[PDB]
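These notes concern the structure reproduced below.
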Amino acid sequence: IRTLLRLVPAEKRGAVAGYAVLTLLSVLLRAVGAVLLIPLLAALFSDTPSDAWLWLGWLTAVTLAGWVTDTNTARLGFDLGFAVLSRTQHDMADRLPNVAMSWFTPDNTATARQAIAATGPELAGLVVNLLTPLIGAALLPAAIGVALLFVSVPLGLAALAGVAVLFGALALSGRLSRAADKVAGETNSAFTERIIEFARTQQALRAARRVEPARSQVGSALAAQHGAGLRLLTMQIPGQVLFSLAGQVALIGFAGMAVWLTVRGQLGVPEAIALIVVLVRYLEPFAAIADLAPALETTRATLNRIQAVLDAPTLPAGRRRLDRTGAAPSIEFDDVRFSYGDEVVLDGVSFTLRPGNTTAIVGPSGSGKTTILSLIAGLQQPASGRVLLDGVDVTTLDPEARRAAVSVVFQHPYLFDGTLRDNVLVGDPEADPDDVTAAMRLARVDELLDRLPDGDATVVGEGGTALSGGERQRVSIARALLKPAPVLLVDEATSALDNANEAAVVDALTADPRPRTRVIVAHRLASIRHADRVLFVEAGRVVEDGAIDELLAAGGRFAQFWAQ
Amino acid sequence: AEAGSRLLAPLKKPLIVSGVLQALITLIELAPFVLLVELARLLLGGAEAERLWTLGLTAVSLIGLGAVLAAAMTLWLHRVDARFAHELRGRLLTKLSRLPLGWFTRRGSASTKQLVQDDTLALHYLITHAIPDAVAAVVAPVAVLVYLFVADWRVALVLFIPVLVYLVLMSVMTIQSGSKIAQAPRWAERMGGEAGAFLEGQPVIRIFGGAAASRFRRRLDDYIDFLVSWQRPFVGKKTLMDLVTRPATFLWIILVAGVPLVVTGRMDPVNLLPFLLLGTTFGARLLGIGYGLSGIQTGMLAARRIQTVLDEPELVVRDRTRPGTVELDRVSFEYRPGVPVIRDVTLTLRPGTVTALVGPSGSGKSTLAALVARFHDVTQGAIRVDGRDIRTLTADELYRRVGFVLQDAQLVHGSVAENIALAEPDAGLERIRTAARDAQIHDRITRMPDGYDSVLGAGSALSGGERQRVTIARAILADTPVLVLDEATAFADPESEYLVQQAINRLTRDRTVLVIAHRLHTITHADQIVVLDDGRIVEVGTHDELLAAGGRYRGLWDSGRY
Ligand SMILES: Nc1ncnc2c1ncn2[C@@H]1O[C@H](COP(=O)(O)OP(=O)(O)OP(=O)(O)O)[C@@H](O)[C@H]1O
Ligand SMILES: Nc1ncnc2c1ncn2[C@@H]1O[C@H](COP(=O)(O)OP(=O)(O)OP(=O)(O)O)[C@@H](O)[C@H]1O
Ligand SMILES: [Mg+2]
Ligand SMILES: [Mg+2]
Ligand SMILES: [Zn+2]
């Protein structure tokens with residue numbers, strides 16, 4: 001419960017206090033109602049059964065208060081469970097766009113996927129499904145044992161002793177099954193990742209003949225997941241045997257003390273018979289704890305994953321904002337350094353862009369051109385050195401102001417699963433249709449609307465799967481142009497377009513009426529046409545820069561890069 | 001369900017045995033309370049001590065026997081279910097290996113995961129728990145109620161009130177939540193896809209709209225709204241069932257009916273012992289199947305979904321039944337009905353001849369490679385490799401005969417040696433290293449910290465040009481009689497592009513090649529240039545022949561220079 005209390009909203013801790021008080025009142029009423037059978041039946045079995053009425057009235061009040069208290073405990077458990085669901089899920093949704101890009105290792109992406117995948121009714125019903133019966137079962141025999149002290153002192157301690165072995169069984173059963181339950185989760189999460197990779201990479205796997213379960217990696221993960229789940233079923237046998245022994249040990253102790261007292265005359269026979277029924281109520285929580293103990297292990301893993309997402313290191317930010325909106329800003333690097341893990345990408349970049357001009361970044365593949373665009377756009381951040389937009393640090397800039405400053409065309413166009421217009425409109429959802437058509441027309445997406453049957457309502461697949469490579473490239477380019485931001489970064493807008501679509505799109509990157517400081521990335525001389533200055537980057541630093549004809553005349557690495 | 005009983009036919013004998021065993025186990029679990037009723041009755045009657053000990057010890061021992069039996073029965077049944085799921089998931093992974101590839105594009109990876117993993121897991125209650133809980137919830141209430149009806153009908157008929165209230169609540173809960181249960185897997189499918197798109201399209205989210213305007217957040221709010229509407233009245237009925245069926249509730253109603261009967265002369269207190277002992281044990285049995293109907297409803301739907309995929313068409317290897325000669329003949333193809341992407345493509349590819357496929361974007365030049373791979377079956381015409389039809393060839397023979405590079409460098413989570421040796425996982429490191437050296441990626445691999453063992457999952461990815469060259473190394477190591485290249489070296493710089501093309505030509509000098517490229521300057525070496533426009537072959541010839549003809553190829557060549 002300690003982990004679950006971390007995720008509770010601070011605004012909702014009054015409900016938790018109200019919940020914990022009602023849960024205790026649930027147990028105390030249940031135990032009192034059970035132990036109220038000892039004087040009730042003793043009076044009922046006596047020569048004057050009318051004395052049973054007083055204890056029946058106390059039983060009725062204790063039970064009716066139980067129904068009211070248990071309904072309220074359910075209502076608070078539902079509200080707390082769904083309050084934790086909504087706040088934790090929303091906090092993950094708010095945090096994850098600000099989480100560092102380095103956080104998304106393939107293990108963390110699995111954890112984030114499983115954490116988001118916990119949104120179903122299982123996590124939302126956590127407090128009602130697991131926590132309420134677990135606290136009820138854990139404290140019910142303890143409460144009955146305390147309530148038995150009012151009838152007979154040693155009889156109560158015998159019941160309390162039975163609780164001690166139960167909690168010992170609960171502690172031991174969890175320990176025995178812990179290691180196998182952890183391994184089962186690892187293989188079940190790995191198998192999840194392989195199915196998603198299996199479906200997402202069918203063409204390559206089929207061509208490689210690595211698609212059959214006897215030869216596939218998803219098949220191996222299934223085989224591992226089967227053995228991990230079988231050993232878990234074996235390693236929970238000790239836990240089930242231990243709870244059975246605990247129930248029998250407590251049964252022997254309870255029954256042994258009842259007969260021991262009844263032999264002496266210290267306990268009437270009707271009280272002894274009433275204690276057989278209370279003994280049945282005593283032993284019911286012993287079985288319920290055994291049924292819920294495995295669930296407690298899995299839920300601990302679930303919340304640990306959710307807490308892992310909420311513990312992810314977020315990007316640095318600030319509160320600065322640029323002076324005016326949609327003013328073409330200057331962009332400069334000041335000894336910017338960056339590395340993926342230990343692999344250094346950029347090792348001393350320093351340049352300046354004029355406000356409103358268009359400069360073309362060029363260089364070999366793997367040089368770090370997209371990384372330069374990432375730092376300009378703010379997706380990454382330097383380890384040391386700083387990037388300034390209009391003489392204002394991006395790292396100390398507001399998240400929204402930095403977000404509004406840049407619109408980019410990515411190297412690999414990723415489209416969300418939806419209509420073609422839905423992907424374009426992501427650039428500016430509140431843009432009027434007139435500017436939408438302008439962005440579509442400039443990107444030559446209007447040549448896709450006539451050709452495709454459904455026009456802009458065409459349902460794109462996962463990514464841009466239902467569209468060709470060039471089609472998704474143009475839809476991505478329309479998305480970037482639609483956004484009214486005054487900085488436009490272009491990354492491989494040519495890679496999937498034919499010669500006719502290439503030329504129109506490249507020329508349309510200038511026909512954009514708005515004033516912007518544009519950055520173009522390509523490995524093709526024709527695509528860097530109209531560029532005011534070329535930035536040649538190689539081995540993680542700007543090696544050469546100038547004009548297209550200037551460097552070609554100079555015969556530098558820029559010239560050699562086109563001469564092959 | 002026809003699609004459920006057909007899927008669960010293999011587990012016939014284990015399921016009937018489970019119902020038979022649970023009928024005996026639950027009867028064994030009610031035997032101690034019958035003996036404890038006799039023990040209590042003898043205590044009031046003053047029987048001898050030895051008789052009491054035999055009854056008391058038998059009841060206590062039978063409690064241990066019932067607990068051991070029930071634990072053993074569920075252990076065997078939970079091992080049966082774990083084995084069936086492994087077999088069933090293996091069956092699904094075999095089916096998905098054979099479905100037409102348009103099945104995956106219209107469905108996505110989130111839906112596949114919900115099928116293989118979550119739907120098979122959704123069967124767990126239906127197999128492992130439905131028949132035990134159903135039999136337990138029929139035998140024990142019927143056995144107890146009939147036994148108690150013999151003991152005293154007045155207090156026995158009063159036990160029917162919480163029974164009927166539980167029966168009404170479960171039916172109302174079942175009818176109400178039936179529609180929501182049907183919508184649940186589709187909502188989970190949508191949120192699985194949106195969550196996967198949220199995690200996969202993070203660069204787009206961070207720049208275009210942020211967290212607030214994201215489609216994931218809107219769906220996340222909508223899904224939780226759906227869950228609240230589904231789970232609020234469901235959990236409300238669920239807890240009312242628990243309150244009704246609790247042993248404390250049963251004991252209270254028994255005493256409400258019993259105490260006025262005992263205080264009055266209408267009945268002796270000794271006859272309360274069957275009700276106080278046996279009358280409060282069948283509540284948990286009823287609640288077991290009451291909470292279980294949602295598990296059956298989800299299981300039956302998941303069984304229907306699983307069997308439906310297993311009934312899908314399969315790209316059947318037909319029985320109808322020059323090396324490296326691929327021959328398209330009057331081929332037509334449609335991803336969706338009524339939407340032609342290929343229109344009567346006749347093209348023959350011979351060994352030692354490089355055939356270049358060019359044209360405007362969206363003209364269908366990747367569907368041809370897909371059809372040659374048999375990711376999809378040609379709607380009309382045929383594709384013959386060495387005369388034999390691809391539909392008659394088996395998958396192993398087909399993909400041994402022809403290899404592919406696919407314009408989308410799909411890497412798999414694992415070592416880069418495992419990515420390069422995807423075709424032949426048994427291939428050695430020297431074979432892997434030589435393949436990478438020809439693909440101009442081996443130098444990049446050496447700089448990684450783990451070398452060739454470096455895991456290549458999400459986050460640890462490579463640049464666009466680097467991951468493309470990895471997939472070229474994969475096709476180099478396959479070494480198939482036919483090679484196909486879908487926009488290979490699209491992201492490569494000119495020097496690396498020239499080196500990769502030189503290596504490819506050197507390897508496939510005497511091997512059939514189908515190269516697709518938008519940069520026509522790299523295609524000047526082609527033995528034949530094939531121009532595809534709107535899915536129809538508009539002109540075929542050499543570079544100079546097409547330039548002289550002055551058609552679509554000449555237009556593209558002129559517009560290339562800008
Ligand atoms: N996620 C990553 N993890 C580790 N290294 C990476 C990652 N992404 C890129 N790199 C490496 O960083 C360097 C630059 O990558 P980047 O994607 O910025 O290059 P680029 O200039 O855009 O290349 P290209 O023209 O091939 O697209 C290369 O060594 C690349 O391998
Ligand atoms: N997976 C798919 N599902 C449905 N339709 C598709 C799919 N892939 C492509 N299409 C449609 O097929 C046509 C283009 O097919 P294809 O992918 O072969 O284009 P292409 O000529 O190779 O493209 P490019 O040169 O831009 O890479 C367009 O109508 C596109 O919508
Ligand atoms: Mg790049
Ligand atoms: Mg293509
Ligand atoms: Zn189970």
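Residue positions begin at 1 at the first shown residue.
According to its header, the structure was obtained by electron microscopy, 2.8 Å.
The backbone N, Cα and C atoms fix where each Cβ goes, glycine too.
With respect to the membrane, Swiss-Prot annotates A:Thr111 and A:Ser216 as residing on a common side. Listed binding-site residues (A:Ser365, A:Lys369, A:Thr370) with a CB under 8 Å from any chain B CB: A:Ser365, A:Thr370. When the binding-site residues A:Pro364, A:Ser367, A:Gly368 are checked against ligand 1, A:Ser367, A:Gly368 have a Cβ within less than 6 Å of one of its atoms. In the three-state DSSP scheme, A:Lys369 (ATP binding site) falls into the helix class.
In this structure, A:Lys369, A:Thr370 are the binding-site residues from A:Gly366, A:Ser367, A:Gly368, A:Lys369, A:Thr370 whose C-beta falls under 6 Å of some atom of ligand 3. Long-range Cβ contacts of A:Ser365 (ATP binding site) within its own chain (separation 6+, distance under 8 Å): A:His523.
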